[PDB]
Amino acid sequence: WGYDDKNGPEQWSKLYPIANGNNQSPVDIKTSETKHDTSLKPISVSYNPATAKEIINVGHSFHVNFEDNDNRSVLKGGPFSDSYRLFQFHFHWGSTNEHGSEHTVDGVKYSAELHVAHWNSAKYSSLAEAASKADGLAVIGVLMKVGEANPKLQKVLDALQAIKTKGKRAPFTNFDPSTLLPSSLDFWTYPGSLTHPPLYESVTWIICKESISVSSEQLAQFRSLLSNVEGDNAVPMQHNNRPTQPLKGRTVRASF
Ligand SMILES: *CCOCCOc1cc(C(F)(F)F)cc(C(F)(F)F)c1
Ligand SMILES: [Zn+2]
């Protein structure tokens, strides 16, 4: 699978029938139809910088992984009674500054999107186990808006030089992902899935109501990464965002 016409989101249903499922992400969040939930508690994130492990070029994108051995970096509050263990964060972007996000609000596309992923360490003992469980994954979605350069992104962007080509790996240590999150943690939440194969419908989404900035040049650095392996012809990762999906009667709750 990929993001080209030959193997893109339109072709995913071939090898991943769940793509045409009822709990698929991303989706369009219509604020007028979001339901405020009294039971929702504030989102609480406590990450340990020492947890940061490495950064990897995976052809279609890049993953910044963390040590998920213990509960040093966890996610609490929200719709969760359980505690979720951070393991990775990554980005999604488009070929132009205008429409590169995955989630949309009131039909409004953003430039990019940050995903901070966690797995249910209260019920399960591994990401592999939790990945296919409805209550296995919790992902924070932060919408990124084109504008002034984001200084918080620089340490990540500076590391992309060591993972230029597909398969390249590099140590990525001493970093707190929460520094990338917006000032406020007000959020929408809805039962969703992974935005790319395997497309497991096992994700409880936490979409921040507040967005963060990113310069056009910083977005250019994302597309600067190569989807090809070393030595081969350079093929930049121009985009890796999935179109919004049918909400299928799902309810998007609001904490505000
Ligand atoms: C590319 C780095 O690999 C580390 C783990 O990869 C996974 C990431 C995700 C994520 F939620 F981030 F999209 C999901 C999965 C899984 F669902 F388990 F396949 C693996
Ligand atoms: Zn994602």
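Residues numbered from 1 in each chain as written, not as in the entry; some residues may be left out. Chains lettered and ligands numbered in written order. Heavy atoms only, no water.

- What the entry reports as its method is X-ray crystallography, with 2.693 Å given for the resolution.

- Per the PDB entry, the recorded name for the protein chain is Carbonic anhydrase 1, and the organism is Homo sapiens.
- According to the PDB record, the title of this entry is "Crystal structure of 19F probe-labeled hCAI".
- Its UniProt record, at the heading Function (literature references left out), says of the protein chain: "Catalyzes the reversible hydration of carbon dioxide. Can hydrate cyanamide to urea."
- Recorded in UniProt for the protein chain, the comment headed Subcellular location runs: "Cytoplasm". (UniProt positions renumbered as here; feature names shortened; annotations may be inferred.)

## Focus on unusual backbone geometry
Moving on, step 1. A cis amide bond links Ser-25 with the next residue in sequence, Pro-26, at an omega value of 5°.
Moving on, step 2. Examined against the element boundaries, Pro-26 turns out to sit in the loop between α1 (12-15) and β1 (28-29).
Moving on, step 3. Here the residue pair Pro-197 and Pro-198 is connected by a cis peptide bond, since its omega of 10° sits within 30 degrees of zero.
Moving on, step 4. Along the polypeptide, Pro-198 turns up in the loop between β12 (187-192) and β13 (203-208).
Moving on, step 5. Despite not being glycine, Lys-248 shows a phi value in the positive range, around 50°. (Helix = DSSP H or I, 4+ residues; strand = E, 2+ residues; numbered from the N terminus.)

## A look at the pattern of salt bridges
Moving on, step 1. Applying the stated rule across the entire model yields seven salt bridges.
Moving on, step 2. Put simply, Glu-230 and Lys-168 hold a salt bridge, and the shortest N to O gap is 3.2 Å. With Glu-230 in the loop between α4 (216-222) and β15 (253-254) and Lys-168 in the loop between α3 (154-157) and β11 (169-171), this pair connects stretches of sequence that are 62 residues apart.
Moving on, step 3. Overall, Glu-230 belongs to the exposed group, its relative accessible area being 57%.
Moving on, step 4. Using a relative accessible area of 32% as the deciding quantity, one classes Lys-168 as partly exposed.
Moving on, step 5. Put simply, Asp-186 and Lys-209 hold a salt bridge, and the shortest N to O gap is 3.2 Å. One end of the pair, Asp-186, is in the loop between β11 and β12; the other, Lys-209, is in the loop between β13 and β14 (212-214), with 23 residues separating them in the sequence. (Salt bridge = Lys/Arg side-chain N within 4 Å of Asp/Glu carboxyl O. Buried < 20%, exposed > 50% of the residue type's maximum accessible area, 1.4 Å probe, protein only.)

## Here's the deal with the UniProt feature "binding site: Zn(2+) 1" in the protein chain
Moving on, step 1. In the numbering used here, UniProt assigns the feature "binding site: Zn(2+) 1" to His-90, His-92 and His-115. A compact arrangement is adopted by the annotated residues: their sequence extent is 26 residues, whereas the largest C-alpha distance between any two is 8.0 Å.
Moving on, step 2. Tracing the sequence through the fold places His-90 in strand β7 (residues 84-93).
Moving on, step 3. Given the relative accessible area of 10%, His-90 is considered buried.
Moving on, step 4. The residues contacting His-90, other than those within four sequence positions of it, are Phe-62, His-63, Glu-113, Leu-114 and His-115.
Moving on, step 5. Side-chain polar atoms of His-90 contact the side chain of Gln-88, separated by 2.7 Å. (Contact = heavy atoms within 4.5 Å. Polar contact = N/O pair within 3.5 Å; in protein donor to acceptor, adjacent residues only side chain to side chain.)

## Thoughts on the coordination of the zinc ion (ligand 2)
Six octahedral donors around a metal ideally sit at 90 or 180 degrees from one another, while four tetrahedral donors ideally sit at 109.5 degrees.
Moving on, step 1. Distances from the zinc ion (ligand 2) to its protein donors, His-90 (NE2), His-92 (NE2) and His-115 (ND1), fall at 2.3 to 2.4 Å.
Moving on, step 2. Each donor residue of the zinc ion (ligand 2) lies on one chain, and together they are spaced H-x1-H-x22-H. Note that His-92 is positioned in strand β7 and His-115 in strand β9 (residues 112-120), a separation of 23 residues in sequence. Take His-92 and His-115: they sit in the same class, and that class is buried. (Donors = N, O, S within 2.8 Å, 3.2 Å for Na, K, Ca; no water.)

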